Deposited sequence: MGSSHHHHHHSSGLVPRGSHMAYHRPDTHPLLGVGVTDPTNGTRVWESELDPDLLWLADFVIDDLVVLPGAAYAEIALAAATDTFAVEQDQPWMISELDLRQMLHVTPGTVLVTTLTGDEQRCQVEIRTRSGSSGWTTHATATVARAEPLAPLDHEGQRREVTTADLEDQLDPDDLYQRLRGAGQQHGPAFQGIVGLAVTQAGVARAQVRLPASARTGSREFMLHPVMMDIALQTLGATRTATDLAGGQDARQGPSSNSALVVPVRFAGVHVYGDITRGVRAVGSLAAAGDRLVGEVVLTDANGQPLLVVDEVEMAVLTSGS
């Protein structure tokens, strides 16, 4: 019943802080399939799941998706090596809490997140088809090496306005070990990959490594492994890039909405 990324938790009686430790290894589940410059790196989406799982393990709430991520900061890349120990802390209350994700070196901080009670979903184009193989080739040429578990874009198009629209699926090798996820990281990453097909992205490659450094307004309305369509838009913000992605199910219901994904260009 133990979450494979968050691990097992205790509350420190001397300060009220909840603390978890998990043992990570490159052979754990699908982690080996997320590679940057030949090194196994923990994907940004995994930190989002860890923060949501931490809140869910701390507070009793009788809702399937009680939380949103107000802000998540990705401060330092994590190289997943044998014997890695991920240390998560949570402070706060059932309305708003602060999560910090570290590795045992002392400790190094990899991500911080503010988690809050979910805001409900409110009710208030000509295309050019693209080849998904070309997207993954562009990403690999930039040093972003998604293995089979992450190769979930199976159809792709871009609108005249430069918005990317993808048909998505969760590869079988990403499905084991997922029962405990609030937000399936591989699925969230697949949704983000759509940003690589926007006009802004292809103009930049027409390369440099583009990595997420901040998420704001991550909304989860259901089980995102039911997602079949992702729509992503990307704009320049000075030397950075800012995107927005929506993942919907086969009946058009939004499952995941990321209001801002801020990326650095290396």
Would you flag the ranges of the deposited sequence that the structure leaves without C-alpha positions?
1 to 26, 132 to 134, 154 to 165, 248 to 258, 319 to 322
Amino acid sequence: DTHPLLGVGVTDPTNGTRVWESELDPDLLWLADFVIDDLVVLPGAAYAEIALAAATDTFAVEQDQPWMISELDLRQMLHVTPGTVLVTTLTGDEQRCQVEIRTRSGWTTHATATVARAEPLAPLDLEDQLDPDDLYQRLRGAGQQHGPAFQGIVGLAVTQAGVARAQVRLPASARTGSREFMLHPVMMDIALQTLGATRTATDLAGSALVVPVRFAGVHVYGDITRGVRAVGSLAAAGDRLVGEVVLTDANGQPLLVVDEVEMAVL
From here on, numbers count along this sequence of modelled residues.
Determine, for stretches 48 to 56 and 235 to 243, which one has the higher mean CA B-factor as deposited.
235 to 243
Read off the CA B-factors in the entry, average them over 164 to 172 and over 129 to 137, and name the higher stretch.
129 to 137
Determine which member of 177, 155, 147, 152 has the highest CA B-factor, using the values in the deposited entry.
177
Reading the B-factor column for Cα atoms of 105, 194, 91, 88, the highest value belongs to 105
Binned into thirds over the chain's modelled residues, the C-alpha B-factor of residue 206 lands in the highest
With respect to C-alpha B-factor, does residue 257 fall in the lowest, middle or highest third of the chain as deposited?
middle
Looking at the temperature factor on the CA atom of residue 26, which third of the chain's modelled residues does it land in?
middle
Of the three thirds of Cα B-factor ranks in this chain, residue 199 occupies the highest
Based on the entry's values, in what third of the chain does the Cα temperature factor of residue 73 lie: lowest, middle or highest?
lowest
